[PDB]
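Novice: Pasting a structure here, questions to come.
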Amino acid sequence: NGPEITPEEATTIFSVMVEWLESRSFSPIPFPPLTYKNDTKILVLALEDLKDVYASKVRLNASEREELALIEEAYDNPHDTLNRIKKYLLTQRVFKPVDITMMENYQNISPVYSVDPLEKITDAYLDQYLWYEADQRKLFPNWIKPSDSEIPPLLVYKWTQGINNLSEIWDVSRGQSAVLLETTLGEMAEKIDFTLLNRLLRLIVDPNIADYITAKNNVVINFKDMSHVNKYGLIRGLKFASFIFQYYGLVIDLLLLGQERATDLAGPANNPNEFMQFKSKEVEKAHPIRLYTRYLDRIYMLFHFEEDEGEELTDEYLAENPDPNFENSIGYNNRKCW
Amino acid sequence: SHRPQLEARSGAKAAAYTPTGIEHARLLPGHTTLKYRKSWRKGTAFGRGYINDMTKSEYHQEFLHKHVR
Amino acid sequence: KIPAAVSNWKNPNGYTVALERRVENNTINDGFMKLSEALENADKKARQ
Amino acid sequence: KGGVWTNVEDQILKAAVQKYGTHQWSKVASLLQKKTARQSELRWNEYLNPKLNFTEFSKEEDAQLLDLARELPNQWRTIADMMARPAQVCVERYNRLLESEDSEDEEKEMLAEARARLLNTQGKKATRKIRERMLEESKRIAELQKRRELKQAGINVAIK
Amino acid sequence: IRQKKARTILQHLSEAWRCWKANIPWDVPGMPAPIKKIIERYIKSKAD
Amino acid sequence: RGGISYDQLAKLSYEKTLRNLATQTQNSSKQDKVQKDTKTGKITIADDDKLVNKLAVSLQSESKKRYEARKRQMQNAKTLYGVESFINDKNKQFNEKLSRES
RNA sequence: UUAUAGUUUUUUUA
RNA sequence: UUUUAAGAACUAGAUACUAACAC
RNA sequence: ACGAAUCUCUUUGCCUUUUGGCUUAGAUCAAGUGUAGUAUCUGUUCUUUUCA
RNA sequence: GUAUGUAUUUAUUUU
Numbered sequence: 015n016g017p018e019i020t021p022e023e024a025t026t027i028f029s030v031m032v033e034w035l036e037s038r039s040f041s042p043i044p045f046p047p048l049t050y051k052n053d054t055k056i057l058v059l060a061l062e063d064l065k066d067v068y069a070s071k072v073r074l075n076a077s078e079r080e081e082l083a084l085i086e087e088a089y090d091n092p093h094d095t096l097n098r099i100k101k102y103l104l105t106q107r108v109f110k111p112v113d114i115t116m117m118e119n120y121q122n123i124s125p126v127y128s129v130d131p132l133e134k135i136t137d138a139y140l141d142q143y144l145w146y147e148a149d150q151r152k153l154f155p156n157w158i159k160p161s162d163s164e165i166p167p168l169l170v171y172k173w174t175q176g177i178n179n180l181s182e183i184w185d186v187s188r189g190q191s192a193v194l195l196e197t198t199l200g201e202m203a204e205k206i207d208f209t210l211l212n213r214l215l216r217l218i219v220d221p222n223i224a225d226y227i228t229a230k231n232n233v234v235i236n237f238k239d240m241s242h243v244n245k246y247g248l249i250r251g252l253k254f255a256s257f258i259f260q261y262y263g264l265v266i267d268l269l270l271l272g273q274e275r276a277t278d279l280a281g282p283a284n285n286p287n288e289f290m291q292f293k294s295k296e297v298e299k300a301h302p303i304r305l306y307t308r309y310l311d312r313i314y315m316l317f318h319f320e321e322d323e324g325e326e327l328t329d330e331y332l333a334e335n336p337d338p339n340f341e342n343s344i345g346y347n348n349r350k351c352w
Numbered sequence: 003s004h005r006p007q008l009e010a011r012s013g014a015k016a017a018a019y020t021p022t023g024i025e026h027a028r029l030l031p032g033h034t035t036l037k038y039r040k041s042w043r044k045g046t047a048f049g050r051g052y053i054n055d056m057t058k059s060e061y062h063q064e065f066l067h068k069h070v071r
Numbered sequence: 396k397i398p399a400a401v402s403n404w405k406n407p408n409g410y411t412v413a414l415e416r417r418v419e420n421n422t423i424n425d426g427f428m429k430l431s432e433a434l435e436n437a438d439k440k441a442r443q
Numbered sequence: 030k031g032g033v034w035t036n037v038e039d040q041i042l043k044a045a046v047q048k049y050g051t052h053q054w055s056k057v058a059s060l061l062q063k064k065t066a067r068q069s070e071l072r073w074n075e076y077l078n079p080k081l082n083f084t085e086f087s088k089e090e091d092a093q094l095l096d097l098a099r100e101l102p103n104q105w106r107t108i109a110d111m112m113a114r115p116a117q118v119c120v121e122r123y124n125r126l127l128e129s130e131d132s133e134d135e136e137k138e139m140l141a142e143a144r145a146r147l148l149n150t151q152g153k154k155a156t157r158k159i160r161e162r163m164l165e166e167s168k169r170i171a172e173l174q175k176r177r178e179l180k181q182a183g184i185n186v187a188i189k
Numbered sequence: 115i116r117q118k119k120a121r122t123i124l125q126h127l128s129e130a131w132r133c134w135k136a137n138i139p140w141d142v143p144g145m146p147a148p149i150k151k152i153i154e155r156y157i158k159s160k161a162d
Numbered sequence: 069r070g071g072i073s074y075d076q077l078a079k080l081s082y083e084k085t086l087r088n089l090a091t092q093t094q095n096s097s098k099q100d101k102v103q104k105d106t107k108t109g110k111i112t113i114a115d116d117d118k119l120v121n122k123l124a125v126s127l128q129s130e131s132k133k134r135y136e137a138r139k140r141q142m143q144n145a146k147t148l149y150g151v152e153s154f155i156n157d158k159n160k161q162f163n164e165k166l167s168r169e170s
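Below you can see the structure in the form of structure tokens.
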């Protein structure tokens, strides 16, 4: 059936990210240079990250032992390896297969990928390197937060404090309302589409590295006998498959906000806000949208409404979905706990 | 030495046998008698049966779109 | 006439077999062609 | 530890695949030493398996190539199948196509090992039977020439 | 003609099934069309 | 071309042993009742002790010549073809059945 | 290492 | 009527399979 | 001349010792140690015949 | 560490 997006949508999306960035005035990443000031540190980190998988183990299987070898040398010969990698990214486009085995919850299931050790070691270096250079250059604005500074329950907390202590929501004097959305993105990665990627990454990262990614996805997938090329969606077990993921969702976000309201949340790049901040109350009140927070999948939003605007919406909706039934309260859903 | 069977045991080979006399359980008399019948909102980027088959089905693809997840 | 079984998995007597008894049509959809070249157009506009 | 491929072990492989079939690899790395499942099957599917296409270009394959690989920024195994050509080779002959732009001992002992292994198909039970039966026949022969030598004494001892 | 032809066609049966597990599109190069129908029929049945 | 029905074949063999029988009789010219029992339902036929023995001997020699065609066929057939891999005898046998295929 | 030891999924820290 | 093994002596051990036998 | 028969060989037909199940591919697939029984891998040196 | 399997003829069967 061919590509789904249609070229129309494609162009619109790309342009979006563009005027964001130029407007955001962001400098793209260079490939890790041969002379790098920080470099072996970063590699310290990534390798400890692999090490930690095996910290606990006692029985080590074959691929494992292969690993610990590859590690131990990597400790020994940092300039060796760094050269080996920067080579690998500059060049190699084709990769060993990959292995899914699903692991059980006794209720649901989840895919567990396994990459292959060299590919891993490179990756982990590059994962680490991305996050560091990005957050160094303040790629992501506040409101994308499964982030550093806040462990999850604390995130809940400051999210409440956000809700409340912003100005005025509790004055019901007139009809005044405020409404939260709780959402998923459904499939999110599994529609991530390469040809789109390799461009959107031509934005923010050198054409090579990005190439290393887009060409880093497609693999055979061997589950035992069953095997198939992976032509389309996204394998998350790739060490860096976090980052781009966040990236892609940002694109979603600059839609749901649309430019301006985002420019509220970020403020200037010179003065990116903390989580919950603005300049005047009006900055909140220049728009109905007050909080927007997107955590992995789930999107969480807060609208502040007065009967004017809100009844102009229900003017739209109602106009197109009249229900003399008055049954629109049937399928509607809220909590079974409370 | 695993062989797929090609056959089944004729009742006759049984039939010639003499009886046993063991009494099993489920044969104890029961049901002993029968029965008979008689403004702002413009900001964002967008200006305004049963299919006999399985792994292409609608349900099944929902299901596996939940659980294996 | 029924062919004879050569089965990738079991080989229950050990018999050996010439490989090929053990062992695409379409192209892409031009939706691609349009996709990458449209991405391309907006691209070069933007960089300009 | 870092290895490369002798046509010795390569041949032992293609013999092994030519018996056990593809998807039993964990056996194919038994005969083959020095090597693993994923290693074996990696080189097999990516290189050795004859059903692959090894040949030159053509302008079908070429204009085809720059077509597809220009449309899809890098996805090689997809484009590979699109060419019905092996992965890294399409990659390679591609890069060349833009490079016109410019400005015997213990291996003989392992072969003794596998070459000896293939030739016994049964499993422990059947061999065990071969023995047991022959032992029965020795019993017969013995008991016979027992009776024969007893007939040469004329005393006739009946068989059980 | 039965015995050998039969059993061996069953070997085609199994081979067909454990194809359909592994997703093997299972085209045996040539083979009588109706029999191949039977195989498809049953393997649907066992499939569900 | 081709396969012969098990009918017409049995007829043809009937012809072959016709003409062979004819070389028996005629060649025997070249080199040169039914009783029933009223007592019991048994019937009694009288035949020459001749031509019964020609019969049996003919049969035996047929079994011979066929047996030997099959045997010499063993020898030649198993010595000739040298191509495909063979683990044991039955690989040669069966594998040559897969050659019989196409 | 003992009074055993094929099925009883064999093996991880705060 | 069948048949014909190159023959003899000297040599070390490497890779081996396994062992209700020794932490 | 050709009719008939025996043997020999080639071709075709018929396949003759010619793959006999299922379940999660049934699951799993390497890191040890001394000695000992038994299998077998190579070198060197010498000599090419018959009768009671 | 074991199931499992095998043989255990002594007391003379007529020439």
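Chains as they are written, first to last, in our numbering: chain B, 15 to 352; chain X, 3 to 71; chain Z, 396 to 443; chain S, 30 to 189; chain V, 115 to 162; chain W, 69 to 170.
From the three backbone atoms N, C-alpha and C, an ideal C-beta is built for every residue, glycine too.
For X:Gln63, report the span of its alpha helix (DSSP H) as first-last.
Specialist: Here residue 63 of chain X refers to the residue found at position 61 of the second sequence. Start and end: 60-68.
Novice: Cα-Cα, which of B:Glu147, B:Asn236, B:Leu210 is closest to B:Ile43?
Specialist: For this step, residue 43 of chain B is matched to residue 29 along the first sequence. Of the listed residues, the one whose Cα sits closest to B:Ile43 is B:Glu147.
Novice: So what's V:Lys118 in DSSP terms, helix, strand or just coil?
Specialist: For this step, residue 118 of chain V is matched to residue 4 along the fifth sequence. Note: V:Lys118 maps to helix in three-state DSSP.
Novice: Under 8 Å, CB to CB, which of the residues in the region 413-428 of chain Z have a partner in chain B?
Specialist: Cβ contacts with chain B: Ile423, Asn424, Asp425, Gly426, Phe427.
Novice: Within the continuous alpha helix (DSSP H) that includes B:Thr228, where are the two ends?
Specialist: On the first sequence, position 214 is the one that residue 228 of chain B refers to. Counting along the chain, the alpha helix (DSSP H) containing B:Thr228 begins and ends at 221-231.
Novice: For S:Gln68 and B:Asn222, what's the separation of their Cα atoms in angstroms?
Specialist: Here residue 68 of chain S refers to the residue found at position 39 of the fourth sequence. Here residue 222 of chain B refers to the residue found at position 208 of the first sequence. Their Cα atoms are separated by approximately 28 Å.
Novice: By the 8 Å beta-carbon criterion, what residues does the region 104-123 of chain S contribute toward chain B?
Specialist: Of all residues in the region 104-123 of chain S, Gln104, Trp105, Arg106, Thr107, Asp110, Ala116, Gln117, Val120 have a Cβ within less than 8 Å of some Cβ in chain B.
Novice: Mind listing which residues of the region 290-304 of chain B have their C-beta closer than 7 Å to chain X's C-betas, in chain order?
Specialist: Listed by position along the chain: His301, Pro302.
Novice: In the region 195-218 of chain B, which residues sit with their C-beta less than 8 Å from some C-beta in chain S, listed in chain order?
Specialist: Answer set for the region 195-218 of chain B: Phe208, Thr209, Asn212, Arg213.
Novice: Leaving aside the five residues before and after W:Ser153 along the sequence, list all residues of the same chain whose C-beta is less than 8 Å from its C-beta, in chain order.
Specialist: By 1-based counting over the sixth sequence, the position of residue 153 of chain W is 85. The residues are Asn159, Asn163.
Novice: If we define contact as Cβ-Cβ less than 7 Å, is Z:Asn436 a contact residue for chain S?
Specialist: Here the question's residue 436 of chain Z lines up with position 41 in the third sequence. So no, Z:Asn436 is outside the interface.
Novice: Could you please give me the residues that DSSP links to B:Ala192 through a beta bridge?
Specialist: For the purposes of this step, residue 192 of chain B is taken as residue 178 along the first sequence, with counting starting at 1. B:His318, per the DSSP bridge assignment.
Novice: With 7 Å as the threshold, decide whether the Cβ of X:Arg71 is near any Cβ in chain B.
Specialist: Reading the second sequence from its first residue, position 69 is the one you call residue 71 of chain X. True, the Cβ-Cβ gap to chain B drops below 7 Å.
Novice: Could you tell me whether the region 318-338 of chain B touches the region 202-213 of chain B, where touching means 3 or more Cβ pairs closer than 8 Å?
Specialist: Judged by Cβ distances under 8 Å, the region 318-338 of chain B makes no contact with the region 202-213 of chain B, as fewer than three pairs qualify.
Novice: Out of curiosity, what's the CA-to-CA distance linking W:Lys104 and W:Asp117?
Specialist: As a position in the sixth sequence, residue 104 of chain W is number 36, starting the count at 1. As a position in the sixth sequence, residue 117 of chain W is number 49, starting the count at 1. Roughly 20 Å separates the two Cα atoms.
Novice: Could you name the residues of the same chain whose beta carbon sits closer than 6 Å to that of X:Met56, not counting the 5 residues immediately before and after it, in chain order?
Specialist: Numbered from its first residue, the second sequence carries residue 56 of chain X at position 54. So the list reads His62, once near-sequence residues are dropped.
Novice: Answer with yes or no whether the minimum CB distance from Z:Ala400 to chain V is below 7 Å.
Specialist: Against the third sequence, residue 400 of chain Z aligns to sequence position 5. Yes, because at least one Cβ of chain V sits closer than 7 Å to the Cβ of Z:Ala400.
Novice: Does chain S have any CB closer than 7 Å to the CB of B:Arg250?
Specialist: Reading the first sequence from its first residue, position 236 is the one you call residue 250 of chain B. For B:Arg250, the answer is no, since every Cβ of chain S falls outside 7 Å of its Cβ.
Novice: With 9 Å as the limit, tell me which residues of the region 146-167 of chain W have their beta carbon closer than that to any beta carbon of chain S; keep them in chain order.
Specialist: So the close ones are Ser153, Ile155, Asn156.
Novice: For a test of the three-state rule: what should DSSP assign to S:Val33, helix, strand or coil?
Specialist: Reading the fourth sequence from its first residue, position 4 is the one you call residue 33 of chain S. Three-state result, S:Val33: coil.
Novice: Which one of S:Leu127, S:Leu101, S:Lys189 has the shortest CA to CA distance from Z:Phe427?
Specialist: Start at 1 with the first residue of the third sequence, and residue 427 of chain Z comes out as number 32. It is S:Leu101 whose Cα lies nearest to the Cα of Z:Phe427.
Novice: For B:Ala138 versus B:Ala224, is the C-beta spacing smaller than 7 Å?
Specialist: Stepping through the first sequence from its first residue, residue 138 of chain B is reached at position 124. Stepping through the first sequence from its first residue, residue 224 of chain B is reached at position 210. Not closer than 7 Å, so no.
Novice: What residue range is occupied by the uninterrupted beta strand (DSSP E) comprising B:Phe237?
Specialist: On the first sequence, position 223 is the one that residue 237 of chain B refers to. Its beta strand (DSSP E) spans residues 234-237.
Novice: Relative to chain X, which residues along the region 90-124 of chain B have a C-beta separation below 7 Å, given in chain order?
Specialist: Going along the region 90-124 of chain B in chain order, one finds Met116, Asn122, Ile123, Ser124 with a Cβ nearer than 7 Å to chain X.
Novice: Would B:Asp130 and B:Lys100 be called neighbours here (beta carbons separated by less than 7 Å)?
Specialist: As a working note, residue 130 of chain B is residue 116 in the first sequence. As a working note, residue 100 of chain B is residue 86 in the first sequence. In this structure, B:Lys100 does not lie closer than 7 Å to B:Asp130 by Cβ.
Novice: Mark W:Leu127 as exposed unless 16 or more other C-beta atoms lie within 10 angstroms of its C-beta, in which case mark it buried.
Specialist: Here residue 127 of chain W corresponds to residue number 59 of the sixth sequence, with the count starting at 1. When all chains shown are included, W:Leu127 counts as exposed.
Novice: Taking residue 82 of chain V as the query, report the chain Z residues whose CB atoms sit under 8 Å from its CB, ordered along the chain.
Specialist: Summary: the structure shown does not reach residue 82 of chain V, with chain V confined to residues 115 through 162, and so no result is reported for it.
Novice: I want to verify the contact list: residues of chain Z whose CB lies under 9 Å from the CB of S:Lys80, in sequence order.
Specialist: Indexing the fourth sequence from 1 puts residue 80 of chain S at position 51. Within chain Z, the residues near S:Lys80 are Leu414, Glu415, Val418.
Novice: Ignore the nearest five residues each way along the sequence and tell me which others in B:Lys293's own chain have a CB closer than 8 Å to its CB.
Specialist: Counted from its first residue, the first sequence places residue 293 of chain B at position 279. Within the same chain, B:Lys293 has close Cβ partners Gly281.
Novice: Using a Cβ cut-off of 8 Å, pull out every chain B residue sitting near S:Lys63, in sequence order please.
Specialist: Position 34 of the fourth sequence, counting from 1, holds the residue named residue 63 of chain S. Neighbours of S:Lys63 on chain B: none; closest Cβ ~13 Å, over 8 Å.
Novice: For chain Z, check one thing: does any of its Cβ atoms lie closer than 7 Å to the Cβ of B:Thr136?
Specialist: One-based indexing of the first sequence puts residue 136 of chain B at position 122. With 7 Å as the cut-off, B:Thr136 does not count as an interface residue toward chain Z.
Novice: DSSP has B:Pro125 in a bridge; who is on the other side?
Specialist: Working through the first sequence from its first residue, we reach residue 125 of chain B at position 111. Beta-bridge pairing links B:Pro125 to B:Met116.
Novice: Going by beta carbon distance, what residues of the same chain come within less than 8 Å of B:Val32, once the five residues before and after it are set aside?
Specialist: If you number the first sequence from 1, residue 32 of chain B lands on position 18. The answer, listed in chain order, is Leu217.
Novice: My output table needs one value for residue 1 of chain X: the three-state DSSP class, helix, strand or coil.
Specialist: Residue 1 of chain X lies beyond the range of chain X shown here (3 to 71); nothing can be said about it.
Novice: Just to confirm, are residue 355 of chain B and B:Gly324 a CB contact at a threshold of 7 Å?
Specialist: There is simply no residue 355 of chain B to check, as chain B begins at 15 and stops at 352 in what is shown.
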